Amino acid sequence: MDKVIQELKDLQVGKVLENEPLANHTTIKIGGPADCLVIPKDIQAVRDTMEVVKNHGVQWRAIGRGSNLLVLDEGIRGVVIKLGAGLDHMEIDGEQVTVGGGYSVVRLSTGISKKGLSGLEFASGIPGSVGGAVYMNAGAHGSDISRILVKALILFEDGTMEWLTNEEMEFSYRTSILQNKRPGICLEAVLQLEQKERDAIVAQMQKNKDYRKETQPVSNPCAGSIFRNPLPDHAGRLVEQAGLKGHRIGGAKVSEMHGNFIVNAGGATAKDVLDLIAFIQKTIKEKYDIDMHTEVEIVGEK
């Protein structure tokens, strides 16, 4: 990978960080080294990076805030592209917002709601990036990205860039086409909001932020909800009903207030988290005969 790293440095793509700990780049603050973590300074830099990747035929993964990732302790091979400050453009034109994939979702929800534009209040507590929200079809409070997205600009591995419409994104619960048929990087999105009375929109937005304070981790690092809900049961309630809140393995524990979040109490390894996940699964399978599946994404090594 030495030469991949070199070409990237020569292209001035932005930061080119060798053996970079993914613990620095995930909300749960866990994870080993990426061989090469690139932090592109702009959209062209992302294209330049992907072309190097294509040439040397190495592995790539795009990340935003790492808010749904449990990266394993031996990190990630190949190139990791973090979309962040280099891709944080944001412009409002009437009821349409055009926003780079690196922009903070919480920031967008906060500022857009303050403009009286309704449709992003639901996202005020989703601590990811726009590109990751598009990839995940992120959702809360009965809404999601699919309700407001007009189109998304995708960079494919082969270097082609294409605007996919809402329908072409094939959104469903926690799902988009980037996860399956058409993998690629979301560089930019156009979102459609609705102009309404500002104060009520701001209120809803803040209400949703308060909801996070009352029911979910604040003091400890954590990733997104761990398990899919085995409907009509909720994973969190099953875990709580089995008395596993606060249950600890190593530095990892089930949060004290929410059964579906594992927090990094301090010093947690990926192994701790994985063990905890398996232990919760065993416990719920024994008690309820339910096999729970992960929603949090496990990445690294393989």
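The numbering used is simple: start at 1 and walk along the sequence shown.
Which wins on mean Cα temperature factor, 60-68 or 34-42? Taking the mean C-alpha B-factor of 60-68 and of 34-42, the larger value falls to 34-42.
Look up the CA B-factors in the entry and say which stretch, 210-218 or 165-173, has the higher mean. Stretch with the greater average CA B-factor: 210-218.
Which one of 126, 231, 90, 203 shows the top CA temperature factor in the record? Top of the list by C-alpha B-factor: 203.
Return the residue from 184, 132, 224, 75 that has the highest Cα B-factor in the entry. Out of 184, 132, 224, 75, the record gives the largest C-alpha B-factor to 75.
Among the modelled residues of this chain, does the Cα B factor of residue 141 put it in the lowest, middle or highest third? Its C-alpha B-factor belongs to the middle third of this chain's values.
Select lowest, middle or highest to describe the third in which the CA B-factor of residue 4 falls within its chain in this entry. For residue 4, whose C-alpha B-factor we compare with every modelled residue in the chain, the answer is the highest third.
Report the third (lowest, middle or highest) to which the CA temperature factor of residue 116 belongs, ranking only the modelled residues of the same chain. Residue 116: CA B-factor falls in the highest third of its chain.
Just say lowest, middle or highest third for the CA B-factor of residue 95 relative to the other modelled residues in its chain. Ranked within chain, residue 95 CA B lands in the middle tercile.
Taking the chain's C-alpha temperature factors as the reference, tell me which third residue 82 falls into: lowest, middle or highest. It falls in the middle third of the chain.
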